[PDB]
Amino acid sequence: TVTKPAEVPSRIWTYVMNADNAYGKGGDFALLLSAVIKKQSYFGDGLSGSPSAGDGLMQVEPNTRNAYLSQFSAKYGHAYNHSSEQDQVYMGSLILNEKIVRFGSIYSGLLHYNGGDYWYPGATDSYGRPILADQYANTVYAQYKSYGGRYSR
Ligand SMILES: CC(=O)N[C@@H]1[C@@H](O)[C@H](O[C@@H]2O[C@H](CO)[C@@H](O[C@@H]3O[C@H](CO)[C@@H](O[C@@H]4O[C@H](CO)[C@@H](O)[C@H](O)[C@H]4NC(C)=O)[C@H](O)[C@H]3NC(C)=O)[C@H](O)[C@H]2NC(C)=O)[C@@H](CO)O[C@H]1O
């Protein structure tokens, strides 16, 4: 505990481990972030073709990135740079950590990361796509555990 999952590209592992270090999570957060990135962008390979392609590795929506800019700068010591893949991961990590702490659990953190705080079945994203936040949380939590995750909170 813990090892890089074989299927996670080594550049991505570095980003998530840097994020893990910033929150003192012993490598466990990095496993969760790996699962999130696999689902959101497939490490960057599943982006092309999508209206939300430009939102990067963790697919944080523009209005959501905008709300967290000052907090990002405070946490990481530099202004958010969307062209930086490490910053993309740092931003997604900050928001997911915030949700997990605020709502009280990983599952709920994942659900509200994907759906927002006021998700309901039939809610749509900034591109008008239906958000299956419950299914997202289920499948990302399973992937997290499959990578060797060991927490619920
Ligand atoms: C390349 C590709 O297409 N990949 C797919 C992913 O894009 C995809 O899921 C999308 O993921 C993002 C991030 O998790 C998710 O974004 C959330 O969107 C909601 C709804 O807009 C947000 O909330 C609102 O925020 C505003 C401003 O703060 C609030 O005023 C408002 O109240 C909120 N609304 C509600 C209802 O609470 C979240 O902030 C936002 N999260 C983030 C981190 O930005 C999209 O909704 C996801 N879209 C879909 C259709 O799921 C993934 C889905 O499984 O699939 C990839 O393949």
Side-chain angles (χ1 to χ4, degrees), residues 5 7-9 11-13 15-23 25 28-76 78-147 149 151-153:
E7 68 170 15
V8 177
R11 93 185 207 284
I12 299 292
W13 188 240
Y15 304 149
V16 299
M17 201 50 64
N18 277 324
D20 192 290
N21 291 338
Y23 293 91
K25 288 287 182 277
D28 187 76
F29 196 27
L31 298 171
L32 182 67
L33 295 164
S34 297
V36 173
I37 295 168
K38 185 194 173 76
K39 174 70 173 186
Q40 303 273 197
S41 67
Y42 206 90
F43 317 116
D45 309 317
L47 290 169
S48 43
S50 163
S52 69
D55 292 340
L57 288 177
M58 294 188 69
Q59 286 283 279
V60 187
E61 298 196 325
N63 295 347
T64 304
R65 307 201 291 272
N66 184 251
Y68 286 93
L69 291 175
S70 71
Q71 189 172 348
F72 181 103
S73 183
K75 179 65 186 164
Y76 302 108
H78 65 270
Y80 178 71
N81 183 347
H82 194 62
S83 74
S84 167
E85 277 177 7
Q86 178 67 86
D87 279 6
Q88 288 166 37
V89 175
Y90 275 156
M91 174 64 83
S93 294
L94 182 146
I95 301 163
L96 180 58
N97 175 75
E98 169 143 306
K99 302 298 180 85
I100 290 170
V101 176
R102 180 148 52 91
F103 288 101
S105 70
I106 294 181
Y107 187 88
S108 189
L110 291 168
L111 193 156
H112 296 288
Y113 178 87
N114 185 52
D117 296 352
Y118 305 97
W119 180 84
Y120 55 94
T124 56
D125 66 15
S126 293
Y127 309 88
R129 300 175 300 180
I131 309 162
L132 308 170
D134 60 308
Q135 291 178 213
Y136 178 100
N138 287 140
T139 65
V140 175
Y141 184 89
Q143 186 64 73
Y144 158 70
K145 298 299 289 176
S146 172
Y147 281 160
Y151 288 121
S152 74
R153 283 150 78 19

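The figures here come from the full heavy-atom set of this structure, side chains too, leaving out hydrogens, waters and symmetry mates. We count ligands from 1, going down the list as the structure has it; atoms in each ligand are counted the same way. The first residue in the sequence is number 1, and the count goes up from there.
Those atoms of ligand 1 that come under 4.0 Å of a heavy atom in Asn114, given as number and element, are 9 (O), 10 (C), 11 (O), 14 (O), 15 (C), 16 (O), 17 (C), 18 (O), 45 (C), 46 (O), 47 (C), 51 (O). Within ligand 1, counting atoms from 1 as listed, the ones closer than 4.0 Å to a heavy atom of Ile131 are 20 (C), 46 (O). Atoms of ligand 1 lying under 4.0 Å from any heavy atom of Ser52, numbered from 1 in the order shown and given with element: 2 (C), 3 (O), 7 (O). In summary, the atoms of ligand 1 found under 4.0 Å from a heavy atom of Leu47, numbered by their order in the structure, are 1 (C).
Remark: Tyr136 engages no residue in a ring-ring contact (aromatic ring centres under 6.0 Å, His included) (not counting sequence neighbours).
Within the 4.0 Å cut-off (strictly below), a protein heavy atom is located near atom 52 (C) of ligand 1. Checking atom 29 (C) of ligand 1 against the protein gives no heavy-atom contact under 4.0 Å. Distance check for atom 38 (C) of ligand 1: a protein heavy atom is found below 4.0 Å.
The closest approach between any non-hydrogen atom of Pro51 and ligand 1 is not below 4.0 Å. At least one heavy atom of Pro130 sits closer than 4.0 Å to an atom of ligand 1.
Looking only at protein heavy atoms, the nearest one to atom 3 (O) of ligand 1 is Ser50 OG, 2.9 Å. Nearest protein heavy-atom contact of atom 26 (C) of ligand 1 is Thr64 OG1, 4.6 Å. In terms of protein heavy atoms, atom 44 (O) of ligand 1 is closest to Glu61 N, 3.0 Å. The nearest heavy-atom contact from the protein to atom 32 (O) of ligand 1 is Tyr118 CD1, 3.9 Å. Among all protein heavy atoms, the one lying closest to atom 23 (O) of ligand 1 is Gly116 CA, 3.8 Å. Of the protein's heavy atoms, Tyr113 O, 2.8 Å lies nearest to atom 41 (N) of ligand 1. The protein non-hydrogen atom at the shortest distance from atom 48 (N) of ligand 1 is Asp125 OD2, 2.8 Å. Protein heavy atom closest to atom 36 (C) of ligand 1, with residue, atom name and distance, is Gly115 O, 3.5 Å.
By the 6.0 Å contact criterion, CG on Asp117 is enclosed, its count of non-hydrogen atoms from other residues, nucleotides or ligands being greater than 12.
Atoms OG and CD1, on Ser93 and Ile37 in that order, are 7.0 Å from each other to the nearest 0.5 Å.
The option with the heavy atom closest to atom 7 (O) of ligand 1, from among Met58, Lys39, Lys99, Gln59, is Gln59. Among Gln135, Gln40, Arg65, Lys38, the residue whose heavy atom sits closest to atom 10 (C) of ligand 1 is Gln40.
Geometric assessment of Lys38 against the ring of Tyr144 yields a negative cation-pi assignment under the 6.0 Å and 45° thresholds.
For the side chain to side chain contact (heavy atoms under 4.5 Å, CB included) criterion with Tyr23, the lone passing option out of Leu94, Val101, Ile100, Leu96 is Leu94.
Ring-centre distance between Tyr118 and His112: not below the 6.0 Å cut-off.
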